[PDB]
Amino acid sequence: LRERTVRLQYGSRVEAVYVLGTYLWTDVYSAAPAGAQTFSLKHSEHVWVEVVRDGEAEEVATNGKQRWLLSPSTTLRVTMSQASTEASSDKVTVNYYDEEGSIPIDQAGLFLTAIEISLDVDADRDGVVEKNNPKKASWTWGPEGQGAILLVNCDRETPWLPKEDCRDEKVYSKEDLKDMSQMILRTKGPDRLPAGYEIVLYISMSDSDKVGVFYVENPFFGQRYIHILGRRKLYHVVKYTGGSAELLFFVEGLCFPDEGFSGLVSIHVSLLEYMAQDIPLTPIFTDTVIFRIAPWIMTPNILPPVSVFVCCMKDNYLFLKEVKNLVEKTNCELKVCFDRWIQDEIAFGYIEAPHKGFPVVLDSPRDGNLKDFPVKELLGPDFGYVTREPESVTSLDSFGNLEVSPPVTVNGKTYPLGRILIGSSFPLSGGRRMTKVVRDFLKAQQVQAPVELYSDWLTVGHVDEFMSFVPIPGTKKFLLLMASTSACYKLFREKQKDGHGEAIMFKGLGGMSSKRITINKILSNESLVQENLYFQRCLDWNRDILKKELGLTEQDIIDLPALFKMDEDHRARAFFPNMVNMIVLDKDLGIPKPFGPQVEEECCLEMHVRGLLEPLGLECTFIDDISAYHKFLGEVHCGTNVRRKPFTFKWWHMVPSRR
């Protein structure tokens, strides 16, 4: 119990509200007539009174005759365990006596109205709002941790509105409330608060753009939703009802954790006392709850697939047919839009709270040269949206440059949600780097602990050009897949030795035929050999940082043959389609068709890749996205992205490193 100072008043009796969970220390000396010697006291049945002399306390009966010497160091401790009702007269009365005679010379009194006031949230994270969790004012990480969680309400309930639900101060439909965390103000007391008191809910100016709080009224003509705290509303005076009462509120987050915002917000209720005109009201009692806003979490390739989103031209038939075929071997749904934007402009992620969770799309920054407008078209009920706006964005801001590992353990530290991977350039290089605003956002989510890789040796500059992850069927394990030019050169040299040097690349692509590219022609190009040795140095630098930061050994890695060509900037583009960027649906892999040299009427790259993957139980389907274009220049014209189930592990059970 918290101790509160309430003094009797020289002359006038004192009337005070007492909040359960506190107790009063009471000065009886200041109220005594000068020259009074001793005091006695009476009290009612529901008021417990102790006389405290220099720290030693003595319980006192309701009607006794006992007297004590008046001293500033002799005081009362006053405690009540139950709220007042209308039938209550709760009081303590003190009588004062002079030296001569046992009849009181004066009297001072304290008239009490006891009320219960508690602002309650689901701090124990079970989805139900418990009564006054002792830990509700704190937020701690881990399995044993406590404190309440809030979703950014970033989806859209109502289609005609252009923006996410949280962009305004209004609630249109009851469905919206299911995305919100419940907060209950529980009170117990008599019919009315005594004169001069009111109960007020409030938030800080700083948090006013992080939350909104709604109350549901049920007036005559239907249910309505009142915005009581949030943008440009810092406080709300609460209408008090007597007896045992509860007021239910619904709380939405407006903003994800970011640079300069930890994700923690607070809401308070105070009992205020009116003093006089032109004087602030005094906060007699204050109760506080904390919320943490849930982070955006990215889903790695190893999580179960739900939906496969695909963008291509209407007429790329082979691609559509083969992708349809692949998805039909799974339980996934196929969604087609008739152009890589679904892959480059969108990162699929999710948010979760004990009471609810939904997928959330992160939308890549607009440059204004290429992407003028944001992509909001996926925004819908229980499909959320978030974006960050930097200046000047480069290709490394594309989300082909954003990947996430499966759960890993590194030097004994666990990353149960995996770690986000972002391509970058060397510190002293003066090269390209993802914009600070996006990097800061990803870092602030904290639970995926991002790692920067080296992508800037590639023309386009995305990590998805050189690496991916696949699960190992029938196990809990996974593999890192790396592009390898050394594997490609070894394979082509073997085929040449075997008498296949005249085997031709790009068979069936009519726009490449005049080039007549053979194994011999590739192996005899000396400058191309040197370029690819250099690109292998770039791959191996990444291999090392991945082994270090993901805790991987060589046993966890498979190398897929790849080949690149250098541009004027000494950066790489694919010579033939990059097989590492593949659709991963559990055991079934859609792999870009390489169009490699035919040996015995089978592509030697396809056969080699099958020989690497199939023994592990992975099933390979090669998907041709380039035939419709008759040639391959290093560009990919289709994109896919897979929306997956969230991790079973709850993010709040993690313990991220101290910042």
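For every residue, the number given is its place in the sequence shown, counted from 1.
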Residues with no coordinates between residue 338 and residue 339, taken from the deposited sequence as a class: 4 to 9
Residue 390-residue 391 interval: deposited residues absent from the model: 1 to 3
State which stretch shows the higher mean Cα B factor in the entry: 329 to 337 or 476 to 484. 329 to 337
Give the stretch, out of 241 to 249 and 577 to 585, with the larger mean C-alpha temperature factor in the deposited entry. 241 to 249
Based on the PDB record, which member of 620, 633, 47, 603 exhibits the highest Cα temperature factor? 633
Just the C-alpha B-factor column, please: which of 614, 624, 27, 56 has the biggest number? 56
Sort the modelled residues of this chain by their C-alpha B factor and say whether residue 399 lands in the lowest, middle or highest third. middle
CA B-factor ranking of residue 658, expressed as a third of its chain: highest
Chain-wide C-alpha B factor ranking for residue 18, given as lowest, middle or highest third: lowest
State the tercile, meaning the lowest, middle or highest third, of residue 628 with respect to the CA B-factors recorded for its chain. middle
Which third of the chain holds residue 276 when residues are ordered by C-alpha B factor: lowest, middle or highest? highest
